[PDB]
Amino acid sequence: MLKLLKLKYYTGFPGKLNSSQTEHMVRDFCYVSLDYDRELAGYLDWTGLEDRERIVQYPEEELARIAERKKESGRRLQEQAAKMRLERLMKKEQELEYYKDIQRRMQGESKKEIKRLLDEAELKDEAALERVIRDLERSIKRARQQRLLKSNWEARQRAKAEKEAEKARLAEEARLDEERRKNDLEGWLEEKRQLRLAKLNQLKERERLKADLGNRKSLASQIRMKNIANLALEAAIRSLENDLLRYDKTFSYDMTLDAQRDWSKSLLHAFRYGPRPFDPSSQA
Amino acid sequence: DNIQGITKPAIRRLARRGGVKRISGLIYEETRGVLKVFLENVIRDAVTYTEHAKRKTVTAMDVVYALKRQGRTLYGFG
Amino acid sequence: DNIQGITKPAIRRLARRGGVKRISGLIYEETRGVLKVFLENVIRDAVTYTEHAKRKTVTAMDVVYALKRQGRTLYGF
Amino acid sequence: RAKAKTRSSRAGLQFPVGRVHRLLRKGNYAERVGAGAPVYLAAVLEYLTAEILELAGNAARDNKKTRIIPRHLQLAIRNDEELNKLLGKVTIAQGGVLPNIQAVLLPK
Amino acid sequence: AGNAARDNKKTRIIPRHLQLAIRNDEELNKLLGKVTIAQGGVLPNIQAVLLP
Amino acid sequence: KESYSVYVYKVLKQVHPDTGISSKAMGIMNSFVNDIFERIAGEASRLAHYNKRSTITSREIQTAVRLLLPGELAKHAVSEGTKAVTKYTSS
Amino acid sequence: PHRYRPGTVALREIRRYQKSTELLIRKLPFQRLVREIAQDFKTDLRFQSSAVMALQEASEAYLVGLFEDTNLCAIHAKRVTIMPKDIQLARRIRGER
Amino acid sequence: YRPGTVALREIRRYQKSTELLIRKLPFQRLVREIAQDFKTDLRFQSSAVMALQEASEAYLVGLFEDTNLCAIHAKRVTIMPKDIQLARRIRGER
DNA sequence: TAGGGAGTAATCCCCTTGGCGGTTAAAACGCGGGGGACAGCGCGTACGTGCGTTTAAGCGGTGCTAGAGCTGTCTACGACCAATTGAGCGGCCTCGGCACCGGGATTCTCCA
DNA sequence: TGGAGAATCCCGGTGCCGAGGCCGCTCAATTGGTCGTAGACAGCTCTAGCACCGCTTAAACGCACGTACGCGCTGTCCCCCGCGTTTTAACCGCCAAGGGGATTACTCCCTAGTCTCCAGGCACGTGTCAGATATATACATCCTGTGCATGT
C-alpha cells in the first residue's frame, strides 16, 4: 500500500508517508470484493465515483492600478502595432505605385525597352509584374509639410476605402449566407460536416508533423536529407462548432474539440483526484 | 518564475563590468535566457555526479567537476 | 619565403568554401599569418611527440595527437 | 574444457566484448573492471556506430551510391542535432562542408 | 601576486591579486585562459571608442 | 594491428545489407570508435577516482554515458547498454 | 539644475565595477533561481552554501566574458549599443550557439 | 550570368567537392620551412603532411565562416582583416 | 583458488533547512525627454571579369639510403616488505592587517 | 578662461576576525634489503622518404576596364534612458531542529591471478564479374554551315 501510494501520487506528495499510517488505511478502508473482474473494470466510471472514493487529510485601488498599468502597456503595444501596420501599408502603397509606374512606362515602348524596365525592377516577365501588382492591391485592399500630410491622408483614405470595401464584401457574403440558410439546411449541414472533417484532418496532419519533428527515422527527415543530398484553425473549428451547436440538434457539446480536450474526459484525474475539479494548490 | 530575480539592474552592472556603455532593452531577457541555458547544463552534470555518489546533497565538488567537464574550470572551491 | 606559395587563388577557393562572396585584398596576407601561427602550434607539438619517441620522422599519429591536444581532433588517420 | 562461447555472443553483440575488456583493463582506467562494464561499453559503442552508419547509408542512397565514403559520413554527422553535438569539434578527412550560402549574399 | 599586493599597499595576497598577477602576464594568461577565479574581478579596460 | 573493422562491417551489413563502405570511411569510423571508447572510459575513471572507488562497474559506464551523450542519444545509449548487460547476466 | 551628460556616469560605473571583486547579482534571487531549476532534475535536493556560491561565481564569470565578446561585435558593426544580434554572434564565434 | 551570380556558382562548386584546395607541393614546402625552426633535418611520413593539410584547410574554412558572419553583422558583404581578427578574438585564439 | 573491496548496520554530528523580526539599501516607479541609430544619397575606387602569356604544378620515372621497426640480452630500478620516526593534521592560540567610519582635502565636469 | 558642487581620495582612529603561529601525536615517509622483469641497448632488415630529372599543359599571374559597393555626409526623433522618488524584500542577526553525509565494523562474493587450450581473426592470395572501354555489320536520322532567293 505504501508503494502504490508512492507511485500513484507521482509528481511528489508533500507529506511523510509512513508505513504505519498506510497500515491504518488498510485496516479501515479495504475489503475483498466478491466478483473481482467485474467490479474492477467498471470501478473508475464517472457515474458514482463519489461514493467509492475514500479521502484522507493531512495536517481594490491596487488591483485598479495594476489593471491600469496593464491597460496602458496594452495601449502602447497596440499603438506600436498600429504604427507598424500603417508603416507596412504605406510601404506597400509606395511599392504598388512604383510597379504601376513601370506598367505605365511599358505602355507604348519597344520589346527591348520593356525587357530593360523589367530587368531594372528584377521581374522575369510582364505577367510577373501583373501578379505582383495584383498581390499588392489585394494585400492593401485587405489592410512640403502639407504635401506630406496630403499624401499620408490619401494613403489612409485609400486604406480606409479598401477596409470599408472588404467589410462590405464580408457583410454581403454574410447576408447571402443568411439568405441561403432561410432555405436549405441539410446540404448546408453536410457541407459543414465535410468542412469540419477536412479541418480535423489538417489538425491531425499538423500534430503528426509536430510529433515527427521530435523524431528522425521519419521518413520526413529522410525526405529532407534526400532533398539536401539531391541539391548537394482551432478558431475556425470553434466558429463552425458554434454554428453547429446553434442550428444542429444532432450536434452536442460532447462532439466539440474543447469537450474532447477537458479534465472530465481523462481518467487519470478521476484516478488521482476524483470527480471534483482540480487542486488549486490550497492549504487543505 | 525566479529568473526575473536576475534584475535589470543586476544585468546592467554585469554589462558595465564588461565595458558596455549602452544597453538595448532587449538585452535583459536575452541575458536571462542565456544564463538559464548555462545553469541547466552545469546543474544537470552536478546532479549526475550527486546521484552517482549516492548522495542527496549537491556538493561544491559536484559543481566544480560539472564546470571542468564543460571547460570552465573554477579555482577557489575544492 | 615559401609562405607566398599559399597562392591568392588557393585562399580565394577556401573563402568560397566558407561562403564568402567578395574578398578585400588585405585578406590574403592576414590568412597567411593566421595559417602560419596555426601550423607552428600543431607542428611544435608534433615535433615534441616525435622527439620524445626518439624518432627523426614525424608520423601521421604525431600530427593526430597534436591536433587532439589542441581540441581539433582529426578523423581518418 | 567446455566449448568457448564468445562473450560478444553470450551478450548478443557483434562488437568484441573481449577486446573492450582488454582495453579497459590494460588501459589503466582503474585497478579493477567488472564484466558488466565491458558489456555495457561495447553495447554503447555499437549503438552509436549503428546510428552514424545508418544516417550515412541514407545519405548515400539519397545520392544514388552503393558505397559509404567520407563525404557521406560527414553530411550524416552534420544533419543530426545529437551526432553533431557529440562530434562538434571533430574534423573528418575528405568530408567537405555542408552547402550553405547566406541570405544577404543570395540574388535580390 | 606579492608585487600586486605591494602595489595596492597590502601585505596579504587576496584573490584579486592572483587575478591581476595571472592576467597581466601573457604566459600565465595563456596557461589559465579558460579559468575563473572567485572574487578575482576583471582588468580595468574601457574600449577606445567609448571614451569621450 | 588491431582495428574495429570487422565489427564495423558486421554492423553495416546488418543495418544496410547491400551497401559497402570505403577504406577511408572505414578508417574514419574506426577512429570514431576509438575516440568514443576513450572519452567514456576516461569520464568513468574520473567518476571512480572522485567517489574513492577503485572499480569501473556497469554503473560507472552508465553514468559516463549519461554525462557524455546528449539527450535522446544518451537515453537510447543507456537503454541499449542496460539491455546488453541484462542479457549477459541472464546467460 | 546640474546633470552629468549621458555617457559620463556610465564611465564612472565602468571604472567602479572593473575595480571591484564583488558579486553583482544579489544572492537570494540567485539561490532561489538555482534551486527552482534543480527540482526539475531531482526533488528535495539540499545545497551546500558553497555550492550556490560556486554556481554564482561561474555564472557571473560566464556572462561578463560573453558581454566582452558581445561588445566587440557591436563595435565591429560601428555601434556602441549591444543587441540580440551582438550577443548571438558572440555566442556563435565562441562555439556555444 | 548577371554580376555576383558567378560567385555563388563558384561557392557551390567548392562546397560540393571534397578535393583539397591548397596545392600539395606549396603546402609541403611550407610545412618543412616551419619544421626546421623547431628541429633541423626532420623527415615526414607522406600521410603526415596530408593530415596537416586536411586539418589546416578545415581550420581556415571554419575561420572564413566566422569571418563572414562578422562582415554581415557590420552590414557588409566583403570580408576584411578586421573580421578575421574579431573571429580570432572571440574564439580565444588571440 | 585467494583475499580484500565493498555492501551494510549501528551510530551521530555539523552543516544545511528552516523560521522570525527589524532595518535600510536597493529595486522599481510616475512622469519627462534626447543623441546617436538609421535611412537616404552620392561618389569614387577597388574588386570582378576576361583575355593573353608565362611558370612551375603535377605525373611519372630512377635511384639511393636513412632510419623506422624488429629481435635478442641483461641489468638496474622499481615493487614489495617490515621497522622506525618526524613532518604534517587538528585545533587551540594571540595579536595585527584590514574593514570601516568619518572627516577633510582634492580633482573633475560642463556649461556660463 | 572661469564657477557650483559632485565624485573622488587620503588620513586617522577603532576594533575584530582571521593571518601568522605553537603542542601533541600518529601514520605516512624513510631505511634497508630482495628480486625479477621492463626497458635500454646493440645489431640488423628493408620501407619509404628524399633527391633528382624531363616533360606536358592546367593553372597562375599580369593587365585592362568598369561598376557596384563601400563609405562619407545629412537629417530626423525612438524607445530607451533618466531623475527623485516610492516601495520592497533581501539582508542580518539569532535561534531551533534534525537530514543525511560521515565513521566503524563485519562479512562475503566479487574479480584478480594462474595454468591451460583452441578458434577467431588477421595477413595473404585469388578470382570474378558489374559496369565500362571500343566496334564490326548495316542504315536512318538529326544537325547546322552556308548559299540562294525573296522581300523590303
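Can you give the mean number of other chain Cβ atoms that lie within 10 Å of the Cβ atoms in peptide C:61-71?
4
Before anything else, pin down the relative contact order of chain E: Cα pairs under 8 Å, at least 6 apart, normalised by residue count, whole percent.
32
Return the subset of C:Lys36/G:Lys78; A:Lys3/A:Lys217; A:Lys199/H:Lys16; A:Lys226/D:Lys85; A:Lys92/A:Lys226; C:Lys8/D:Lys108 for which the Cα-Cα distance in this structure is over 32 Å, preserving the input order.
Among C:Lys36/G:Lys78; A:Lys3/A:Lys217; A:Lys199/H:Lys16; A:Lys226/D:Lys85; A:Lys92/A:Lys226; C:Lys8/D:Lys108, the Cα-Cα distance tops 32 Å for A:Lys3/A:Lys217; A:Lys199/H:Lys16; A:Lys92/A:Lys226.
With an 8 Å cut-off on Cα pairs and a minimum separation of 6 or more residues, tell me the relative contact order of chain C in percent.
Normalised by residue count, the contact order of chain C is 22 percent.
Run the numbers on chain F and let me know its relative contact order in percent, using alpha-carbon pairs under 8 Å that are six or more apart.
18
Using a cut-off of 12 Å between beta-carbons, work out the net charge of the residues near H:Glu54 (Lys and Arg +1, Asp and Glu -1, H:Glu54 not included).
+1
For A:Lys16, list the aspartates and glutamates whose Cα falls under 14 Å from its own Cα; do not include residues on the same chain fewer than 8 positions away.
Straight-distance partners of A:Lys16: G:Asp44.
So, with +1 on the Cβ of K and R and -1 on the Cβ of D and E, and no other charges, what is the size of the charge dipole of the protein assembly as shown about its Cα centre, to the nearest 20 debye?
Approximately 3140 debye in magnitude.
With angles folded into 0 to 90 degrees, how steeply does helix G:27-38 sit against the dominant principal axis of chain G? Use alpha carbons for both and round to 10.
Around 50 degrees separate the two axes.
For chain F, set up a GNM with springs between Cα atoms under 10 Å and report which of F:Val65, F:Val15, F:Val33 has the largest fluctuation.
Between F:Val65, F:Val15, F:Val33, it is F:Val15 that shows the largest mean-square fluctuation.
Which whole-number percent of Cα pairs in segment B:1-77 have a distance greater than 21 Å?
I get 45 percent for the Cα pairs in segment B:1-77 exceeding 21 Å.
Beta carbons within 10 angstrom, averaged per residue: use that to sort the peptides A:80-89, H:83-92, C:16-25, highest first.
The peptides rank, most packed first, as H:83-92, C:16-25, A:80-89.
For chain A, with only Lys/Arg (+1) and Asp/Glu (-1) charged at the beta-carbon, what is the dipole magnitude about the Cα centre, in debye rounded to 20?
Charge dipole of chain A: 1380 debye, to the nearest 20.
Quick check: net charge around F:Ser54, other residues with Cβ under 9 Å of its Cβ, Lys/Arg +1 and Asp/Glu -1?
+2
How many Cβ atoms of partner chains, on average, are near each residue of G:2-9 if near means within 10 Å of its Cβ?
Per-residue shielding by partner chains comes out at 1.
Could you give the DSSP H helices of chain D that reach 20 angstrom or more along their long axis (alpha carbon positions) and whose average Kyte-Doolittle hydropathy is no lower than 0.5?
Passing helices, by number: D:36-62.
Using only the alpha-carbon atoms of the protein assembly as shown, report the extent along each of the three principal axes, biggest first, to the nearest angstrom.
Result, largest extent first: 100, 98, 78 Å.
Where a ≥ b ≥ c are the square roots of the eigenvalues of the C-alpha gyration tensor, would you call segment A:180-284 rounded, which needs a/c under 1.5, or, failing that, prolate if a/b is larger than b/c, or oblate?
oblate
What angle do you read, to the nearest 10 degrees and between 0 and 90, between the alpha-carbon axis of helix H:5-16 and the longest principal axis of chain H?
40
I'd like the mean, over residues of A:212-218, of how many other protein chain beta carbons sit within 10 Å of each residue's own Cβ.
Neighbouring Cβ atoms belonging to other protein chains average 2 per residue here.
Set the Förster radius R0 to 35 Å, insert the Cβ-Cβ distance between A:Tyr58 and G:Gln48 as r into 1/(1 + (r/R0)^6), and round the FRET efficiency to 0.05.
0.70
For F:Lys87, go through the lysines and keep the ones whose alpha-carbon is under 17 Å away, minus same-chain ones fewer than eight residues off.
Cα-Cα hits under 17 Å: D:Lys5.
Are there trypsin sites (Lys or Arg not before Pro) in chain F that DSSP marks as loop and that have at most 15 other Cβ atoms within 10 Å, and which are they?
When the trypsin sites (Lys or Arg not before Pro) of chain F are filtered for loop state and at most 15 Cβ neighbours within 10 Å, F:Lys1, F:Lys52 remain.
Relative to the longest principal axis of the C-alpha atoms of chain H, give the angle of the C-alpha long axis of helix H:46-73, reported between 0 and 90° and rounded to the nearest 10°.
Once rounded, the angle reads 20 degrees.
Given all pairs of different Cα atoms, what value in angstroms does the Kirkwood hydrodynamic radius of segment D:20-73 take?
Kirkwood radius, segment D:20-73: 13.2 Å.
Treat chain D as a sphere of radius equal to its Kirkwood radius over Cα pairs and apply Stokes-Einstein at 4 °C in a medium of 1.567 mPa s; give the translational diffusion coefficient in µm²/s, rounded to a whole number.
Stokes-Einstein gives a translational diffusion coefficient of 77 µm²/s.
Name the shape class, rounded, prolate or oblate, that the alpha-carbon gyration tensor gives for segment A:147-209, where a ≥ b ≥ c are the square roots of its eigenvalues, rounded holds for a/c under 1.5, and otherwise prolate holds if a/b is larger than b/c and oblate otherwise.
Oblate is the answer for segment A:147-209, as a/c is 1.5 or above yet b/c matches or exceeds a/b.
Give, in whole angstrom and from largest to smallest, the semi-axes √(5λ) of the equivalent ellipsoid of chain H, with λ running over the eigenvalues of the Cα gyration tensor.
Each semi-axis is √(5λ); the values are 31, 20, 10 Å.
What does the charge count near C:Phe38 come to, summing +1 for each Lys or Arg and -1 for each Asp or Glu among other residues with Cβ under 12 Å from its Cβ?
+2
Among A:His24, G:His2, which comes first, second and so on when ranked by fewest other beta-carbon atoms within 10 Å?
G:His2, A:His24
Which whole-angstrom value gives the distance between the alpha carbon centres of segment C:24-77 and segment H:22-94?
Here the two parts' Cα centres lie 10 Å apart.
So which of C:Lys68/D:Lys64; A:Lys100/A:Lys124; A:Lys91/A:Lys167; A:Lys6/A:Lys204 end up more than 25 Å apart by C-alpha?
Cα-Cα > 25 Å for C:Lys68/D:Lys64; A:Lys6/A:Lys204; rest within.
Every number here is computed from the coordinates shown, using simple stated rules; none is lab data. Cβ atoms come from the backbone with ideal geometry, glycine included; neighbour counts cover every protein chain shown.
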